[PDB]
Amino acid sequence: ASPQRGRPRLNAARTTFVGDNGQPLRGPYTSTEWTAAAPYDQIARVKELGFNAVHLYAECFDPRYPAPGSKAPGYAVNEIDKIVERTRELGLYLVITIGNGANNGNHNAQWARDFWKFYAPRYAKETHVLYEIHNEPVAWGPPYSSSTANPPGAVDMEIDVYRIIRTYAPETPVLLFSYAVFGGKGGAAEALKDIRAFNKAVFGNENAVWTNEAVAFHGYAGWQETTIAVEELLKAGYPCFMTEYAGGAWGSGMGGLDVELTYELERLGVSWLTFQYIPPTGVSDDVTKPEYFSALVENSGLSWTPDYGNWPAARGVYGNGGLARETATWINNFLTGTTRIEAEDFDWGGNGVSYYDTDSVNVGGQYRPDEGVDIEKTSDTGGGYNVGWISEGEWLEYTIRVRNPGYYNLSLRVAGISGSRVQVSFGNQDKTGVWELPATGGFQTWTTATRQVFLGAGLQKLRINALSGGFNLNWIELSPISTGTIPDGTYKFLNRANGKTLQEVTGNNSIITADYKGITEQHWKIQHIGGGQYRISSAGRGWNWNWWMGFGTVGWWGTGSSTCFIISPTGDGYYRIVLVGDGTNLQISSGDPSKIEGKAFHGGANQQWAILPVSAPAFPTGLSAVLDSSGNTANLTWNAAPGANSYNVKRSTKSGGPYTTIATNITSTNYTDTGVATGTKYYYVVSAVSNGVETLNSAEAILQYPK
């Protein structure tokens, strides 16, 4: 027989459709709405990414149908046939749906009926194919059945299209509604209305036990709210099916897999279709590119059993009920708590996968006799076991979940006769550098070494890398910092590039950039709530900074994600203001001095902020360093700094410094540096001196050569 897949059926639990092997359907998408069918070659690549399914946005609907000259359904048939044929012979599943195009959150009822009058009987016999009635027919979620739904009548469209499909394809799985925003216990309650209205029409009774149907939903409420809505709906007896979602790594400023929601959907037993495309083309991000899928799975510790290939690797958490270890928690609106991760509870999975050890035997013999890591009993406070026989090159991964991002005290309980080296990365990103661990003088003589780290939010593998041997490891600890990165107080914010401040506007509760006028609207109380996170409130009325559909100010207190801001030091006296939600940094746009925005980390001055006492002197701006013709001379010029008596010109040979002060008492906004060596790069900054008080250094100026 052919490798064509057997018809999906609801699982015993009644949570989703699973394939002919009892496993969830997991896949990316492709479109044939205004483009050719993706080639066999590229659709095949799906199987190497642990996918067994493809989402097809088949055609997009015309609002004007069936007026003269409007595009009818059927126009893409020759390409949709190719996708059906190609997924058939690749042993993949296929979810076919009607796309929206430019008309998002909308549908045409008659276009959809005639779409399924055509396509339903055409693929009825195709066991690997499922029908999802329509992508996001309403703006933007339940209840569709409300008269004030935008637009109304979607439930009637679903009812009509289900009846059309069952006539022409009685065995074929149907995915309903495709709620764009499906969030909260509210979301589930509102969907139940639409589900009950649907069931009363089709089956005659508000509560029907579906044998071959499920609620399709998307992830645009966010992972927390979507998970709550799915849990609730599953409890009411209705299988679900994720058909479109996205997230990305915290701090990337880009899309890709929502790792957090995938983990929750894996736990609840829910099949999913992520919104990354099969090459060559698509409207979002390419699923074959590491940054948008494979690396995100690889960095997080996420695992499932793939239908084809050997990725992802089989792995999991040891202890803690097989669930990623939480790092901190909110207790009286302050981020606190110490999580102890025992070193001998490294993830299971294998040698080369969840740990690397130099041999396959546990020479110590304790705790985990079937694995390669070397474990003995320890005589340290709290008893238990320690990882010993640590050779250089070895490593141990522990899957954790940093629900609250920011600054954490990372602690290693260590013993060793002599010193040793280690390095810790989180999500395959170095957070420590080379960490010199002290000599204790014995192999059960214990001490705690501690180092401060900046963790991003989400599932992430903590990985101890042993750069030297000769130490034993008992446990690891993370707790959020109890003392902040900057003292509590009232401050003025000045952007490093342009010297501008942030100002409250009570009339529309907005925050906008302006020149530091010295007023209370441009003054801000700062209060640390654990983890380097801060509540930032205006001085005049006690209203808190809020990053949500713009950048404004609100009455409710700051423990929710939009009202919380990580103040992250640069190292050179400035800070960047990281947003707790996505990990992007608050910056003024180099391009438009008025526009405030959130972008991913870069070296530029426009992303950096001075958080200063109100009376502190302003730093210089606009520094520009240019080489003079035919000679060793750098001509510096900058803008005059308010209240400056003089300037100090400083120079370094790499970006960021340190900066050796080449000249002081400059009573002018320009300088000529004669001591520049032939054909070498130089980096300049300038500070001002106001009433004996030296300011911060300006933004860096790279020495500019000729064309």
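One rule holds for the numbers: they count along the sequence shown, beginning at 1.
Relative to its counterpart among 221 to 229 and 487 to 495, 487 to 495 has the higher mean temperature factor, C-alpha atoms as listed in the PDB entry.
The mean Cα B-factor in the deposited entry runs higher for 604 to 612 than for the other of 604 to 612 and 242 to 250.
Considering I566, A539, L265, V174 together, the PDB entry gives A539 the largest C-alpha B factor.
Highest C-alpha temperature factor among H55, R26, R45, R651, as the PDB entry reports it: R651.
Residue-level temperature factors show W395 in the lowest third of its chain, judged at the C-alpha atom. Split the chain's modelled residues into thirds by C-alpha temperature factor. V685 is in the highest one.
When the CA B factors of the chain's modelled residues are split into thirds, the value for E158 lands in the middle one. Annotation for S31: CA B-factor lies in the lowest third of the chain's modelled residues. In the PDB entry, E132 places in the lowest third of its chain by CA B-factor.
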